[PDB]
Amino acid sequence: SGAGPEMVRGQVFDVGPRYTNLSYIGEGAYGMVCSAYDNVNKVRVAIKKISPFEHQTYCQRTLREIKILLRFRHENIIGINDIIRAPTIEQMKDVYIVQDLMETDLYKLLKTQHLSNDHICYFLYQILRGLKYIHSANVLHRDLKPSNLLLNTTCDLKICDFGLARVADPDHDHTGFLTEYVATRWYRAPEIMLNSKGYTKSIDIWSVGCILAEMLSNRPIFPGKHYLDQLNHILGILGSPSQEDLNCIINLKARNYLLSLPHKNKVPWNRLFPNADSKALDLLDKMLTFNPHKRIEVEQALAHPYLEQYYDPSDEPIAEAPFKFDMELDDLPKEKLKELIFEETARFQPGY
Ligand SMILES: CC[C@H](C)Cc1nnc2cc(-c3ccnc(Nc4ccnn4C)n3)ccn12
């Protein structure tokens, strides 16, 4: 057994001596997740190494995920057990977020399993149960997809990866102030392309719609081959937008773009999903609604007939202290965000 830090696929995981036996789970552009063993609590954990400090955007995404998840406690949202980083800011090159280990994710499960309607129904209920809490906190997740839905054999489901999440205080108009090119391509609402700085939390409902379609068929519904291809896939099934929906698009340049497209008819849902529950296809239609204002909201989605076996507002917590603009003060130099990340994580340090 080496004395130095363990290393997974070339990435040092300086998490010893409490956390050992690291195993690769997955990775992103500036981070890697491994499973590990907590020798102090005698439990299996997942550890998310983030290395963001060279770029302001990565620092913003690290700070947000930490601040939001530390302030969240909900059965359908992954919690933070512990955060590891260096004792001084000059030494801190990485941050390690420790979470309870989940057995798999929905992306992996769908590679090997055709889900029963009951499993689809229960997974969908739980996604929306957690989303209800998220939206009640004035948070947008902005990256819901199968690989961010964690699953246990008991069918417990937890949403993870809040790196793309952010607060939008509804006392302020965020139109024109939101980041473009959010979400993962196949799961992007049309307005992320057509209203790239002025979308709302209804993009999360669009993503959930895409996830439901994927549970129904084990394949992505809108597998765009590149950024501009994505809208074409969406319209290829929804059909060309109605004049009404078109005339709701405030960005003239985007409206003219849509007028310039050849007309596509709508593909009926039961043609794509001929074996699906009719109730499930109705909720899918409401979630994959082109117009973001007519698109169903999370509470109405929970109240939909498809989910009536589970819908229970008395057992569906919401945020007791919804987030406000103080959680949005991060348009700052990456050197200053590094200080804020150091301060948010000090509560896990010896001393403090
Ligand atoms: C580098 C960031 C990455 C791309 C996205 C991301 N961000 N936060 C998380 C948290 C987990 C996680 C947590 C707990 N348990 C498992 N378990 C699991 C999932 C699949 N297999 N296994 C064993 N994962 C996973 C991914 N995550």
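Numbers for residues simply follow the sequence, beginning at 1. For ligands, and for the atoms within them, numbers begin at 1 and follow the listed sequence.
In this structure, the protein non-hydrogen atom closest to atom 3 (C) of ligand 1 is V33 CG2, 3.9 Å. Distance from atom 9 (C) of ligand 1 to its nearest protein heavy atom, with residue and atom name: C160 SG, 3.8 Å. Protein heavy atom in closest approach to atom 24 (N) of ligand 1: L150 CD2, 3.7 Å.
Below 30°, between 30° and 60°, or above 60°: for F123 and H119 the angle between ring planes is below 30°, a parallel geometry.
Annotation: cation-pi geometry satisfied between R188 and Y181 (NZ/CZ under 6.0 angstrom from ring centroid, within 45° of ring axis). Cation-pi check for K253 over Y257 is not met; the charged atom does not lie both under 6.0 angstrom from the ring centroid and within 45 degrees of its normal.
Hydrophobic clustering keeps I84 apart from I89 (ILVMFWY residues linked when any side-chain heavy atoms are closer than 4.5 Å, directly or through intermediates).
Residue-to-ligand polar distances place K48 within reach of ligand 1: an N/O pair is separated by less than 3.5 Å. Below 3.5 Å of separation, one finds an N or O of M102 facing an N or O of ligand 1.
Residue contacts with ligand 1: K158 is excluded, as none of its non-hydrogen atoms falls under 4.0 Å.
By the neighbour-count criterion of 12 heavy atoms within 6.0 Å, atom CD1 of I318 is sparsely surrounded, having that number or fewer from other residues, nucleotides or ligands.
Of the heavy atoms in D161, both backbone and side-chain atoms come closer than 4.0 Å to ligand 1. When heavy-atom distances to ligand 1 are checked against a 4.0 Å cut-off, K108 comes that close only through its side chain, counted from C-beta outward.
Interface of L101 with ligand 1, defined as ligand atoms under 4.0 Å from a residue heavy atom, comprises 15 (N), 17 (N). If you number the atoms of ligand 1 from 1 as listed, the ones under 4.0 Å from a heavy atom of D100 come out as 14 (C), 15 (N). Less than 4.0 angstrom separates some heavy atom of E27 from each of these atoms of ligand 1: 1 (C), 4 (C). Those atoms of ligand 1 with a heavy atom of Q99 less than 4.0 angstrom away are 10 (C), 13 (C).
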- [ ] Give the intermediate values and the outcome of ring pair (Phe, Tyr, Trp, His ring centres under 6.0 Å) for residues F72 and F323.
- [x] CA-CA 11 Å; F72 275 0; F323 298 157; 5.3 Å; yes

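The pair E328-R166 meets the salt-bridge criterion, since a charged nitrogen lies less than 4.0 angstrom from a carboxylate oxygen. Salt bridge status for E344 with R71: present, with a side-chain N to carboxylate O gap under 4.0 Å.
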